[PDB]
Amino acid sequence: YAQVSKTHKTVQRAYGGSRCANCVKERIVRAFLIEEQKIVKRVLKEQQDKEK
Amino acid sequence: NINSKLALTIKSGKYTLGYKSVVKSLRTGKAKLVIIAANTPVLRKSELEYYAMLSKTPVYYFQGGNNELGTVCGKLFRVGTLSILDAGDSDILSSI
Amino acid sequence: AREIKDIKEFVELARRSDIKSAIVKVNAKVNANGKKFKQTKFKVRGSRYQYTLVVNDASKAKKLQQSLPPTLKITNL
Amino acid sequence: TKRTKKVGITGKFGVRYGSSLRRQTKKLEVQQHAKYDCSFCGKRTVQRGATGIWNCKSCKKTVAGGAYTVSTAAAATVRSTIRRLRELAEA
Amino acid sequence: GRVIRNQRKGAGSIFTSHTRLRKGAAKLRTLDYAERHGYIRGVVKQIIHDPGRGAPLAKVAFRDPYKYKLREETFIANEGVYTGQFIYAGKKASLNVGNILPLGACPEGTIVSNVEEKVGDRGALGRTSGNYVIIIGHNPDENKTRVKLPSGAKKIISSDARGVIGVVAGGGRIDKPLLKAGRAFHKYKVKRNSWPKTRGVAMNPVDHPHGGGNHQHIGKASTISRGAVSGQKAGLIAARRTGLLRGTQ
RNA sequence: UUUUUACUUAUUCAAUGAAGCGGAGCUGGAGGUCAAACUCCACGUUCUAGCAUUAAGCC
RNA sequence: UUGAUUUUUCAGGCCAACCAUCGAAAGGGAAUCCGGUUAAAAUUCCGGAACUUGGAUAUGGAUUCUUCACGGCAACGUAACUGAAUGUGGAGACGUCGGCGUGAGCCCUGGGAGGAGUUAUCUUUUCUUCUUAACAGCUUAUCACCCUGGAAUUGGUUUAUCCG
RNA sequence: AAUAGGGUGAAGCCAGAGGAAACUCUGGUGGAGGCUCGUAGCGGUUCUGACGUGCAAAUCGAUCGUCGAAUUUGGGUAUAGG
Ligand SMILES: [Zn+2]
């Protein structure tokens with residue numbers, strides 16, 4: 001692998017030569033959805049920090 | 001009771017079975033209700049209800065697994081999720 | 001050994017500064033769908049590789065041979 | 001046709017080891033070679049690896065189980081016992 | 001006479017454990033600030049077979065609280081633990097199968113495994129397949145907890161000692177007969193050199209206290225004093241009773 | 001002199017790449033407040049096999 | 001590890017879990033083949049043709065005025081096409097048996113071009129030569145994956161019944 | 001690192017037949033087993049054979065045990081005289 005060009009050892013994508021396409025797709029969706037719910041759990045917490 | 005309501009919709013109304021069909025029906029705005037089986041992966045589940053939030057669609061959480069959700073629909077296969085396009089003779093949309 | 005297909009690339013390659021010598025090989029072949037024809041292989045010896053151009057046309061070979069640099073040593077086989 | 005009247009999977013042992021030991025082997029060895037329903041994907045694709053290891057071919061979920069069954073009766077009791085005691089503590 | 005097989009094991013030449021294929025020592029995490037004050041979350045990456053062990057092991061990845069690094073722990077897999085499960089360890093961890101909690105944080109009747117004898121020894125009790133520890137009661141004034149061990153013994157442990165909720169996976173292993181000498185050979189091929197065993201009564205008087213005679217027989221009582229010396233302790237050492245166990249004990 | 005149990009520094013056991021110990025104080029949740037705020041608890045992480053590293057900001 | 005300094009001084013920036021060493025001519029492991037040659041050496045010599053590692057280094061190409069390239073819905077493609085500390089992974093790297101499939105070498109065999117044998121008779125006959133290395137380019141695959149689509153009258157499918 | 005060629009035919013699977021059900025029967029397929037016949041191999045039963053100042057300080061011949069595992073084996077390594 002040291003003596004071959006980079007296109008042979010990677011794929012033009014995030015985590016190209018490290019993760020497969022489906023595992024990168026699942027990381028992206030999981031990162032987006034989980035972080036979206038983090039905002040929801042924060043605004044909801046602030047809703048219970050002013051009435052209860 | 002909802003099993004009886006859901007069975008009537010399959011007999012008389014319109015529906016799609018399967019994750020790929022449900023997401024298409026949420027994109028097109030043709031979904032009236034989304035039913036998700038209990039053993040559906042949470043990542044797929046939390047994504048279906050994000051699509052429904054954008055699409056302004058109610059979500060019903062079936063209590064059984066995809067084996068039980070499939071047999072309620074009169075199918076001999078497993079149904080992880082489904083969308084109701086047209087509740088016909090049933091009143092499932094008014095109950096959920 | 002690398003094979004060269006473009007005749008224009010071969011003449012530009014034969015005038016590289018590291019090119020020691022050239023070989024002109026004549027093969028009496030037959031296409032089996034006709035009769036005898038004379039194939040010519042032009043072989044250029046560079047530092048790393050020997051470069052071969054196969055010229056199946058007996059006339060394009062003669063024109064190509066006089067198109068090589070006059071300084072190259074040419075061995076006729 | 002039916003090939004063996006009663007030995008079943010233990011017919012590989014021939015006449016050796018004693019009938020009582022072979023019928024005791026048959027009970028647990030049918031269980032360890034069975035296919036179980038996956039609690040994650042719903043398919044009947046769960047098979048044993050080594051003891052206590054049960055893999056699903058479809059969804060590639062591995063669960064820790066019993067030596068010869070995916071779940072022992074003792075584990076099922078603990079699951080409900082832990083579930084019950086959790087409810088009281090969390091009200 | 002000669003040095004008997006009991007005594008040759010302590011030198012440990014051919015009697016050490018065969019440990020090439022073992023997958024690491026099964027331990028809890030080192031007790032740190034997160035477990036003492038809150039909880040830390042890890043994810044189950046693998047559930048693997050450990051040669052020489054009936055219980056499968058779980059590989060759980062935690063974050064290092066102080067440096068950018070992943071820490072892989074080797075836990076004893078409780079039954080029901082699956083790959084991709086989140087494992088919570090600490091004082092504030094919830095009562096779920098696979099979570100690591102201090103003993104005082106568990107109500108009476110909680111089934112727990114890989115329990116610490118002492119705070120921070122990373123697990124001593126109930127580690128084999130199908131085994132567990134039952135929490136009997138608490139003594140909050142003295143900060144002590146009563147537990148029942150797999151042998152039936154009652155023990156008093158610090159309430160800060162940790163354990164893993166559930167039963168050790170792989171239980172029921174003993175229910176199946178081995179049926180063959182070869183099965184025991186393969187069983188001990190990855191444990192240690194203790195099989196097969198020659199009966200001492202079948203040896204010569206040099207080899208064993210039971211050897212010799214014109215019939216195979218022990219000749220003297222096989223119950224041996226606790227105060228006997230090495231080379232004598234062959235048989236039933238400090239036996240309170242002998243014979244078939246009849247009735248309750 | 002004998003029995004018991006208090007101390008920790010001798011001694012002994014264990015762990016860690018000696019990372020958050022002990023006390024007090026900030027903040028809330030409470031006791032019913034009979035001076036005046038004393039006592040107790042907590043004090044940023046729990047649908048998901050994602051991410052977290054080489055400080056932003058304020059003075 | 002850098003920026004250096006020519007001030008042969010330095011300035012610092014990161015880290016020091018673990019890490020003396022020995023232990024395999026059958027384990028792991030950078031890289032070579034063919035033809036010829038001696039009385040006796042050859043993957044070592046000769047001829048030709050390659051390869052790896054370390055170092056130095058210029059030219060061409062590539063890239064930049066939207067500074068660190070484009071194309072494809074996608075799987076992904078390419079002659080290239082910044083990337084420190086630190087981190088995460090992969091390869092190294094792995095039992096045994098059973099049948100199945102593909103390849104290679106060998107075995108068998110037809111025509112043709114040669115050479116040898118038998119031939120009282122018979123035998124378009126019996127035997128034999130007809131080869132192609134490492135390496136370079138293009139092309140080539142089970143499996144796996146992507147897009148489309150939405151399936152009971154269930155269908156696809158292996159020698160071995162698994163898949164939706 | 002090594003271990004011809006056969007026999008038998010366990011689970012699982014396919015099809016057909018019978019039954020109200022609980023279930024049963026048949027034909028294939030499949031290829032299990034410290035299974036079996038039997039080479040190499042490993043061993044060493046009997047002739048109480050040969051030899052017995054030997055080919056040999058343990059061999060030779062026939063016969064025999066076993067032959068896919070508790071198998072056979074090279075090298076490295078550990079254990080040392082009460
Ligand atoms: Zn599954």
Side-chain angles (χ1 to χ4, degrees), chain A residues 1-3 5-7 11-13 15-24 26-35 37 45 49, chain B residues 16-18 20-21 41-47 74-78, chain C residues 1-3 5 17 45 48-50, chain D residues 1-4 7-16 29-30 33 43 45 57-58 61, chain E residues 1-3 8 11-16 30-34 36-41 43-45 61 63 65-70 82-86 88 92-94 96 99 118-122 179-186 189 195-196 206:
Chain A
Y1 285 106
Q3 62 216 52
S5 180
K6 203 177 184 69
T7 68
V11 159
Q12 296 302 305
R13 196 175 46 242
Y15 296 82
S18 200
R19 266 64 182 188
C20 60
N22 295 357
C23 283
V24 173
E26 296 294 328
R27 281 166 170 264
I28 291 155
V29 177
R30 203 187 299 276
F32 170 68
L33 292 175
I34 288 190
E35 289 290 328
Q37 186 78 0
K45 212 164 44 210
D49 292 359
Chain B
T16 52
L17 302 173
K20 289 177 78 178
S21 296
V42 175
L43 183 60
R44 159 168 298 161
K45 179 181 88 171
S46 72
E47 161 187 337
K75 302 303 169 164
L76 288 172
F77 52 81
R78 289 184 294 273
Chain C
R2 293 182 184 272
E3 180 187 23
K5 287 289 175 47
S17 66
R45 154 50 50 192
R48 185 178 184 189
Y49 289 116
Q50 184 178 2
Chain D
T1 62
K2 193 175 193 43
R3 293 183 220 107
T4 66
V7 298
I9 191 170
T10 45
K12 62 170 154 204
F13 294 131
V15 299
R16 312 176 282 276
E29 185 177 1
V30 168
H33 293 125
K43 312 199 189 72
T45 46
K57 305 190 317 176
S58 296
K61 282 269 181 182
Chain E
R2 195 208 297 277
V3 174
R8 298 204 276 114
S13 60
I14 53 157
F15 300 114
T16 61
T30 300
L31 189 59
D32 66 323
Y33 182 86
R36 284 197 323 266
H37 296 267
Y39 67 87
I40 185 171
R41 190 191 84 180
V43 56
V44 179
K45 323 282 291 203
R63 280 203 305 139
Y66 311 102
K67 78 151 302 193
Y68 185 68
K69 190 83 190 182
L70 270 188
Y82 60 95
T83 45
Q85 169 177 343
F86 287 140
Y88 305 83
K92 298 307 211 287
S94 79
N96 281 95
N99 289 5
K118 296 182 290 294
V119 182
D121 64 358
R122 310 174 74 172
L179 283 187
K180 282 152 81 204
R183 290 291 166 85
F185 165 88
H186 284 298
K189 183 68 180 294
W195 184 92
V206 296

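All heavy atoms count here, side chains included; hydrogens, waters and symmetry mates do not. In the text below, chain A, chain B and the rest are named by the order of the sequence lines, each starting its count at 1.
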Among the nucleotides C51(G), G34(H), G12(H), whichever has the atom closest to the side chain of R48(C) is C51(G)
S21(B): partners by side chain to side chain contact (heavy atoms under 4.5 Å, CB included), with sequence neighbours left out: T16(B)
Kindly indicate whether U29(H) forms a Watson-Crick or G-U wobble pair with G12(H), where both distances must fall under 3.5 Å. yes
Tell me, please, which residues at least two apart from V7(D) pass side chain to side chain contact (heavy atoms under 4.5 Å, CB included). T4(D), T10(D), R22(D)
Going by the rule side chain to side chain donor-acceptor pair (under 3.5 Å), which residues pair with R183(E) if we only count those two or more places apart in sequence or in a different chain? none
Using the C1' atoms only, state how far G38(H) lies from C64(H), rounded to an integer number of Å. 14 Å
Determine the interatomic distance between P on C21(F) and the same-named atom on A42(F); round to the nearest Å. 14 Å
Is the phosphate of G31(H), meaning OP1 or OP2, less than 4.0 Å from a side-chain N or O of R3(D)? no
Listed partners of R16(D) passing side chain to side chain contact (heavy atoms under 4.5 Å, CB included), at least two apart: none
If the P atom of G65(H) is compared with that of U45(H), how far apart are they to the nearest Å? 12 Å
Could you check whether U153(G) pairs with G137(G) (Watson-Crick or G-U wobble, each of the two distances under 3.5 Å)? no
Quick one: list whatever passes side chain to side chain donor-acceptor pair (under 3.5 Å) with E26(A), sequence neighbours left out. none
Between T83(E) and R36(E), whichever has its closest RNA chain F nucleotide further toward 5' is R36(E)
Spell out protein contact along nucleotides 42-48 of chain F as letters: B when the base is contacted, S when just the sugar-phosphate is, - when no protein heavy atom is under 4.0 Å; keep the 5' to 3' order. -S-BBBB
Taking only the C1' atom of each, what is the distance from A2(H) to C97(G) in whole angstrom? 16 Å
Partners of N96(E) by side chain to side chain contact (heavy atoms under 4.5 Å, CB included), sequence neighbours excluded? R86(D), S94(E), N99(E)
What nucleotide, of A49(F), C76(G), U16(F), holds the atom closest to the side chain of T30(E)? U16(F)
Check nucleotides 151-162 of chain G for protein N or O atoms closer than 3.5 Å to its own N or O atoms and list the pairs.
none

Using a 3.5 Å limit on both hydrogen-bonding distances, do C122(G) and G92(G) make a Watson-Crick or G-U wobble pair? no
Contacts under 3.5 Å, N or O only, protein and nucleotides 80-89 of chain G:
{"unit_1": "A80(G)", "atom_1": "OP1", "unit_2": "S5(A)", "atom_2": "OG", "d": "2.8"}
{"unit_1": "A80(G)", "atom_1": "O5'", "unit_2": "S5(A)", "atom_2": "OG", "d": "3.1"}
{"unit_1": "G87(G)", "atom_1": "OP1", "unit_2": "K67(E)", "atom_2": "NZ", "d": "3.0"}
{"unit_1": "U88(G)", "atom_1": "OP1", "unit_2": "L70(E)", "atom_2": "N", "d": "3.0"}
{"unit_1": "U88(G)", "atom_1": "OP2", "unit_2": "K69(E)", "atom_2": "NZ", "d": "3.2"}
{"unit_1": "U88(G)", "atom_1": "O2'", "unit_2": "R19(A)", "atom_2": "NH2", "d": "3.2"}

Classify the side chain of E35(A) and the base of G50(F) as holding, or not holding, a donor-acceptor pair under 3.5 Å. yes
Give every pair of a protein N or O atom and an N or O atom of nucleotides 135-140 of chain G that lie under 3.5 Å apart, one pair per line with the distance.
{"unit_1": "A136(G)", "atom_1": "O2'", "unit_2": "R2(C)", "atom_2": "NH1", "d": "3.0"}

Heteroatom pairs (N/O) under 3.5 angstrom, protein to nucleotides 67-71 of chain H:
{"unit_1": "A70(H)", "atom_1": "OP2", "unit_2": "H186(E)", "atom_2": "NE2", "d": "3.0"}

Nucleotides 77-82 of chain H: protein proximity per nucleotide (B base, S sugar-phosphate only, - neither; heavy atom, under 4.0 Å): --S---
What's the gap between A151(G) and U159(G) when it is taken at their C1' atoms, as a whole Å value? 29 Å
For nucleotides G155(G) and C146(G), find the distance between their P atoms and express it as a whole number of Å. 27 Å
Taking all non-hydrogen atoms of both residues, which atom of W195(E) and which atom of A181(E) are closest, and how far apart? CH2-O, 3.1 Å
Measure from the side chain of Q50(C), starting at C-beta and using heavy atoms only, and say which of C76(G), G27(H), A50(G) lies closest. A50(G)
